[PDB]
**Q** 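Can you read through this structure? Questions will come right after.
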Amino acid sequence: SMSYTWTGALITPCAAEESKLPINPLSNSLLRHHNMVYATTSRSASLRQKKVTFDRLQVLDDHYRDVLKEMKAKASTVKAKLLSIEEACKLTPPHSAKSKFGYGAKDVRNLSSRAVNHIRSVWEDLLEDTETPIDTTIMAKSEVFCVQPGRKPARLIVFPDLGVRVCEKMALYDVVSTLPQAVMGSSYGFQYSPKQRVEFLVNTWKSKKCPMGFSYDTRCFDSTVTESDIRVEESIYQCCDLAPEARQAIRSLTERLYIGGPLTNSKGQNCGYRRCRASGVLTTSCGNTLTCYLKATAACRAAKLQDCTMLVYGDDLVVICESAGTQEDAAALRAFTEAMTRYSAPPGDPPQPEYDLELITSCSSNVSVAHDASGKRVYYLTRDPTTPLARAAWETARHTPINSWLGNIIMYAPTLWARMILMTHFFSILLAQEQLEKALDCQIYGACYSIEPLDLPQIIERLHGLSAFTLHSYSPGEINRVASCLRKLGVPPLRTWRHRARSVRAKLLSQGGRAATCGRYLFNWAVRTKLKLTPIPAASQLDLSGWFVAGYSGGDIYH
Ligand SMILES: CCO[P@]1(=O)N=C(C2=C(O)[C@H](C(C)(C)C)N(CCC(C)(C)C)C2=O)Nc2ccc(NS(C)(=O)=O)cc21
C-alpha cells in the first residue's frame with residue numbers, strides 16, 4: 001500500500017507566504033548574512049509530496065509479536081479517564097485553526113454555545129458511525145532554515161477540523177499522557193527534563209562494561225507507518241480501562257481518522273488519500289513513540305544486541321548497549337537495520353556504531369561537558385546552533401505564533417550559545433521595548449506554553465539546576481562549532497556578545513525586582529567579579545506539573 005495517492009490538485013496556501021529574511025536593524029544586529037536565511041513555502045510542496053509517497057514493505061515475525069504482547073501486558077495496568085467538554089476546550093490553543101463550521105478556538109475556549117453544540121454533535125457522530133472517513137486538510141508548513149553548502153522543501157501537515165480535535169482530547173488526552181510511560185518505562189523520552197535526560201544518558205552509558213551506541217534515523221517516519229501499525233497502536237490503547245464512549249470514540253477515530261482518509265487543500269479541493277500517519281492528530285507523538293519502540297525492541301532481539309537501553313522520542317531513537325567488539329558491533333547494527341527494514345522502517349543514512357557518548361545525537365542534540373564554579377564536570381545537552389540562530393533572526397524581524405527562541409533558551413539554557421547570544425539579544429530587545437513582562441508562546445515537547453521572560457531564572461533552575469548559570473570552560477569542539485557557525489551566518493563573534501551582555505545586565509540590575517534577578521543569574525557569566533548565586537525561592541514554588549509528562553507534537557495542546 002501507498003503511503004499517499006494524489007489527484008493532481010495543488011497543496012495551496014491560505015495567505016501570502018514570506019520566504020526571504022527581511023533587512024531589519026534588529027535582526028541585522030544578530031545575523032548579517034540575511035540571504036542565507038529562508039522560509040519554506042507551498043511552492044516546494046510537490047518536491048515533498050514526491051519524497052513522502054512510496055509503497056511500504058512490512059513482514060512481522062515472532063520477535064515483533066512477542067514484544068507487542070509485553071507492551072500490551074503493561075498497557076493493561078492503565079485506567080484512562082474521559083475528559084469533559086470543558087477540560088478539552090481549555091486544552092485548545094487560543095490561535096488554533098478555526099472550524100469550517102462557524103466558530104474558532106476563542107469560541108471553543110469561551111465554551112460558546114455554537115462551539116459546544118458542534119463538538120457534541122461530532123462526539124455523537126463518533127459514537128454512531130464507525131466507518132465513514134473523516135476529512136483532513138493538507139498544508140505546507142512554513143519553517144526557517146539556513147541554506148546548505150541548496151534548500152529543504154516544505155514539510156506537509158495533515159489535520160482534522162477543530163471539532164474533531166476537541167473530541168480526540170476527550171477520548172485520548174489521558175491515554176496519550178499516561179500510557180507511553182506505563183508501557184516503555186525509562187525508555188520514554190518525554191518524561192525527562194533536560195537535566196533528567198542528560199543524567200539518564202550518562203548513567204546508561206557508564207552502566208555498560210564497554211558501551212556502544214547509535215542513533216537510528218528512519219526515512220520519512222510518518223509515511224512508513226502502515227495501517228497495520230495504526231491498528232496495533234489501537235490494540236495497545238484498548239488494553240486501558242476505558243469509559244464505554246471512550247472505547248467507541250477510539251475505535252471510530254482509529255478507522256475514520258488515524259488509519260487514513262481523504263486530503264483536502266485550503267481551497268476545498270480533493271487533493272488525495274492518506275494511508276499512513278497524519279502529523280496533525282493527538283496520537284501522532286504517542287503512536288510514533290510506541291511504533292518506533294516496538295519495532296526497535298524487536299529488531300534489537302533479531303540483531304542479538306546485548307543489554308540494550310533505548311531512548312525514544314517519537315520517531316527519534318537512540319540505543320546504548322554492550323559492545324561485542326568492533327566487527328561484531330558493525331555486523332549487529334547492520335542486522336538491526338535489516339530487521340527494522342522488514343518492519344517498514346528503513347534508515348535514511350545507515351546507522352553508525354559510536355564508542356564515545358558525545359558523538360551520539362538524540363533529537364539533533366549531543367551531550368557535552370563544561371565545568372561549574374567549583375571546577376566540577378557538568379554534562380549538558382547542546383546542538384549545532386545554526387537553525388536556532390536563523391530562526392531567532394526571523395522571529396526578531398517577524399511576529400511569529402511560536403517563538404522558537406524562547407524554547408531554545410529554556411531547553412538549551414546551559415549552552416554557551418543560548419547564554420551568550422540568545423539571552424543577550426532577546427533581553428536587549430525586550431528591555432528597549434519595555435516588554436519584559438509580556439507573556440510569550442513557545443512549544444516544549446510539542447505543547448504550547450505561555451511564559452513571561454522574567455520567570456526564566458526559576459524555570460532554568462528547575463530544568464537544569466543552578467550550574468546552568470555558572471558553567472565555564474566549555475569543550476574546544478563545542479566552542480569551535482559555535483564560532484564557525486557565527487562566521488558562516490555573519491553573527492558577531494562571542495567577544496561582542498560579552499560586551500553587549502554587560503550592558504544588558506547593568507540595565508536589568510538597575511530595574512530591581514524580577515528584572516534584577518534576570519541580570520544576576522542569566523548574565524553572571526558576563527562579569528569577572530561574580531555574584532554568589534543561591535537557590536531562587538520562586539523556583540521550588542513553580543508549578544511545572546504537566547511540563548515533562550508526554551509529547552504532543554501535532555496534537556493541538558496548550559497549557
Ligand atoms: C517536533 C517538535 O515537537 P517535539 O515534541 N519537541 C521536541 C523538543 C523540544 O521541545 C526541545 C526544543 C529545543 C525544540 C524546544 N528539543 C530539545 C530537547 C533537549 C534539550 C532535551 C534535547 C526537543 O527535542 N522533540 C521532538 C522529537 C521528536 C518528535 N517526534 S514526533 C513528530 O514523532 O512526535 C517530536 C518532538
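We're numbering straight along the sequence, starting at 1.
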**Q** Can you name the nearest heavy-atom pair linking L430 to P453, along with the distance?
**A**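 Taking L430 first and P453 second, the nearest heavy atoms are CD1-CG, 3.4 Å.
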**Q** Might you point out which heavy atoms bring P351 and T337 nearest each other, and give the distance in Å?
**A**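 Heavy atoms only, the tightest pair is CG-OG1, 3.2 Å.
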**Q** Quick one: list whatever passes side chain to side chain donor-acceptor pair (under 3.5 Å) with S96, sequence neighbours left out.
**A**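 With sequence neighbours excluded, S96 shows a side chain to side chain donor-acceptor pair (under 3.5 Å) to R165, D556, given in chain and number order.
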**Q** For the residue pair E168 and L257, establish whether any side-chain heavy-atom pair is separated by less than 4.5 Å.
**A**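 In contact.
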**Q** With a sphere of 6.0 Å drawn around NZ of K141, does it hold more than 12 non-hydrogen atoms of other residues, nucleotides or ligands?
**A**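 Result for NZ/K141: enclosed.
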**Q** Can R155 and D222 be counted as an ion pair, charged N to O under 4.0 angstrom?
**A**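 Result for this pair is no, no salt bridge flagged.
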**Q** Sub-3.5 Å donor-acceptor pair from the side chain of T136 to the main-chain atoms of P160, do we have one?
**A**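 No, the answer is negative, given that no donor and acceptor are paired below the 3.5 Å cut-off.
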**Q** Determine the minimum heavy-atom distance between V108 and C89, stating which atoms define it.
**A**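 Closest pair (atom of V108, atom of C89, distance): O-CB, 3.2 Å.
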**Q** Give a yes or no on whether a salt bridge exists between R514 and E452, defined as a side-chain N under 4.0 angstrom from a carboxylate O.
**A**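 Salt bridge flag = yes for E452 with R514.
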**Q** Mark yes when over 12 heavy atoms from residues, nucleotides or ligands other than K169 sit less than 6.0 Å from its NZ; otherwise mark no.
**A**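 More than 12 heavy atoms, drawn from other residues, nucleotides or ligands, come within 6.0 Å of this atom.
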**Q** Got a second to check how far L381's CG is from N366's CG, nearest 0.5 Å?
**A**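 These two atoms lie 8.0 Å from each other.
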**Q** Any ion pair linking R277 and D229 (charged N to carboxylate O, less than 4.0 Å)?
**A**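 Between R277 and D229 there is no salt bridge, as every charged N stays at least 4.0 Å from the carboxylate O atoms.
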**Q** Apply side-chain contact (heavy atoms from CB on, under 4.5 Å) to the pair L91 and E87, showing each step before the final yes or no.
**A** CA-CA 7 Å; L91 288 165; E87 299 160 299; 5.6 Å; no
**Q** I want to check something: taking the side chain as every heavy atom from C-beta on, are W547 and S193 in contact at a cut-off of under 4.5 Å?
**A**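 When only atoms from C-beta onward are counted, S193 and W547 do not touch, as no gap falls below 4.5 Å.
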**Q** Determine yes or no for a side-chain-to-main-chain donor-acceptor pair under 3.5 angstrom, with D307 supplying the side chain and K208 the backbone.
**A**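 No; judged by distance alone, with no hydrogens or angles, the pair does not exist.
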**Q** So, taking the atom named CG in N403 and the one named CG in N408, what distance separates them when rounded to the nearest 0.5 Å?
**A**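 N403 atom CG to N408 atom CG measures 10.5 Å (nearest 0.5 Å).
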**Q** Check whether any side-chain heavy atom of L60 sits under 4.5 Å from a side-chain heavy atom of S228, and report yes or no.
**A**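 Sidechains of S228 and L60: in contact.
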**Q** Got more than 12 heavy atoms from elsewhere within 6.0 Å of NE2, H559?
**A**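 Yes, NE2 of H559 has more than 12 neighbouring heavy atoms, counting only those of other groups under 6.0 Å.
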**Q** Apply the test side-chain contact (heavy atoms from CB on, under 4.5 Å) to residues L466 and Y521: give CA-CA distance (whole Å), side-chain angles for both, the deciding distance (0.1 Å), then the verdict.
**A** CA-CA 9 Å; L466 232 39; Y521 286 74; 4.0 Å; yes
**Q** Whether the side chain of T12 engages the backbone of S266 through a donor-acceptor N/O pair (distance < 3.5 Å, no angle test) should be reported.
**A**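 Yes, because the side chain of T12 sits within donor-acceptor range (under 3.5 Å) of the backbone of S266.
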**Q** How about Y313 and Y445: are their ring centroids closer than 6.0 Å?
**A**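 That pair passes the under 6.0 Å test.
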**Q** Mark yes or no for whether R275, through its side chain, and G260, through its backbone, hold a donor-acceptor pair below 3.5 Å.
**A**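 Judged by distance alone, no pair lies under 3.5 Å.
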**Q** Testing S1, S344, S3 one by one against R56 for a side-chain hydrogen bond (donor to acceptor under 3.5 Å, both in side chains), which residue passes?
**A**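 Going through the options one by one, the only one that passes is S1.
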**Q** Do the side chains of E255 and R251 get close enough for a salt bridge, i.e. N-O under 4.0 angstrom?
**A**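 Yes, this pair counts.
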**Q** Keeping the roles fixed (side chain from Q181, backbone from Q191), state whether a donor-acceptor pair exists under 3.5 Å.
**A**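 Answer holds: no.
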**Q** Any donor-acceptor pair under 3.5 Å linking the side chain of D174 with the backbone of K81?
**A**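 At least one qualifying donor-acceptor pair exists.
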**Q** Do the side chains of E70 and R301 get close enough for a salt bridge, i.e. N-O under 4.0 angstrom?
**A**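 A salt bridge is present here (some side-chain N lies under 4.0 Å from a carboxylate O).
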**Q** So, for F54 and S223, which heavy atoms are closest and what is the spacing to 0.1 Å?
**A**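 Where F54 meets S223 most closely, the heavy atoms are CZ-CB, 3.4 Å.
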**Q** Does the side-chain contact (heavy atoms from CB on, under 4.5 Å) test come out yes or no for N288 and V225, once each step is laid out?
**A** CA-CA 8 Å; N288 283 351; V225 174; 4.0 Å; yes
**Q** Could you tell me whether a side-chain N or O of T224 sits under 3.5 Å from a main-chain N or O of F221, the two making a donor and an acceptor?
**A**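 Side chain of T224 to backbone of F221, a donor-acceptor pair under 3.5 Å: yes, one is there.
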**Q** With no hydrogens and no angle check, do the side chains of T53 and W6 hold a donor and an acceptor under 3.5 Å apart?
**A**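 Yes.
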**Q** Measure from the side-chain N and O atoms of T284 to the backbone N and O of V281, and report whether any donor-acceptor pair falls under 3.5 Å.
**A**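 It does hold such a pair.
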**Q** Is it the case that the side chains of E233 and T291 hold a donor-acceptor pair, with the cut-off being a distance below 3.5 Å and no angle test?
**A**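 Their side chains do not contain a donor-acceptor pair, so the 3.5 Å distance test is not met.
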**Q** To the nearest 0.5 Å, what is the distance between CG (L126) and CD1 (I250)?
**A**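 Answer for the CG-CD1 pair, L126 versus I250, is 11.0 Å.
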**Q** Is the NZ or CZ atom of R391 positioned over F145's six-membered ring, under 6.0 angstrom from the centre and within 45° of the axis?
**A**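 The answer is yes, since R391 meets both limits relative to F145.
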**Q** With the threshold set at 4.0 Å, does a side-chain nitrogen-carboxylate oxygen contact exist between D62 and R65?
**A**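 Looking at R65 together with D62, the answer is yes, because their closest N to O distance falls below 4.0 Å.
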**Q** Strictly by modelled atom types, are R197 and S362 linked by a side-chain donor-acceptor pair under 3.5 Å?
**A**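 The answer is yes; a qualifying pair exists.
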**Q** Nearest 0.5 angstrom please: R231 CZ to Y258 OH, how far?
**A**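 The CZ atom of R231 sits 14.5 Å away from the OH atom of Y258.
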**Q** Whether the side chain of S187 engages the backbone of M310 through a donor-acceptor N/O pair (distance < 3.5 Å, no angle test) should be reported.
**A**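 Side chain of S187 to backbone of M310, a donor-acceptor pair under 3.5 Å: yes, one is there.
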**Q** Do the non-hydrogen side-chain atoms of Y4 and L263 ever get within less than 4.5 Å of each other?
**A**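 The answer is yes; the side chains approach within 4.5 Å.
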**Q** Is there a donor-acceptor pair under 3.5 Å between the side chain of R109 and the backbone N or O of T92?
**A**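 Checking the backbone N and O of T92 against the side chain of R109, a donor-acceptor pair under 3.5 Å is found.
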**Q** Mind checking the CE-CG spacing from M170 to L282? Nearest 0.5 Å is all I need.
**A**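 The CE atom of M170 sits 11.5 Å away from the CG atom of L282.
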**Q** Taking the side chain as every heavy atom from C-beta outward, state whether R274 and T5 have any pair of such atoms under 4.5 Å apart.
**A**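 In short, these two side chains do not touch, never coming nearer than 4.5 Å.
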**Q** Of all residues at least two apart in sequence or in a different chain, which pass the side-chain contact (heavy atoms from CB on, under 4.5 Å) check with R247?
**A**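 If we apply the side-chain contact (heavy atoms from CB on, under 4.5 Å) test to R247, skipping adjacent residues, the hits are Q238, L242.
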**Q** Decide yes or no for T218 and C292: does some side-chain heavy atom of the first lie under 4.5 Å from some side-chain heavy atom of the second?
**A**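 SC-SC contact between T218 and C292 ruled out.
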**Q** Taking all atoms of both residues into account, what is the closest heavy-atom pair of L179 and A75, and its distance?
**A**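 That would be CD1-CB, 4.0 Å.
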**Q** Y173 vs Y552 aromatic rings, parallel, tilted or perpendicular, using cut-offs 30° and 60°?
**A**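 Rings of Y173 and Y552: parallel, as their planes differ by under 30°.
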**Q** Heavy-atom distance under 4.5 Å between the side chains of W205 and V367, does that happen here?
**A**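 When only atoms from C-beta onward are counted, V367 and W205 do not touch, as no gap falls below 4.5 Å.
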**Q** To check you understand the geometry: which heavy-atom pair defines the closest contact between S186 and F200, and what is its length?
**A**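 So the minimum-distance heavy-atom pair works out to O-CZ, 3.5 Å.
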**Q** Just how far is it from atom CE of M411 to atom CD1 of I409, taken to the nearest 0.5 Å?
**A**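 Rounded to the nearest 0.5 Å, the CE-CD1 separation comes out at 13.5 Å.
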**Q** Measure centre to centre between the rings of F190 and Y188, then say whether the value is under 6.0 Å.
**A**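 Judged by ring-centre distance (under 6.0 Å), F190 and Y188 do meet the cut-off.
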**Q** Could you tell me if the side chain of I444 sits less than 4.5 Å from the side chain of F548, heavy atoms only?
**A**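 Side-chain contact under 4.5 Å: yes.
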**Q** Begin with the C-alpha distance, continue with both residues' side-chain angles, and end with the deciding distance and a verdict on side-chain contact (heavy atoms from CB on, under 4.5 Å) for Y103 and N110.
**A** CA-CA 11 Å; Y103 66 91; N110 289 357; over 6 Å; no
**Q** Please determine, by modelled atom types, if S252 and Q248 share a side-chain donor-acceptor pair under 3.5 angstrom.
**A**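 Result is yes, a qualifying pair exists.
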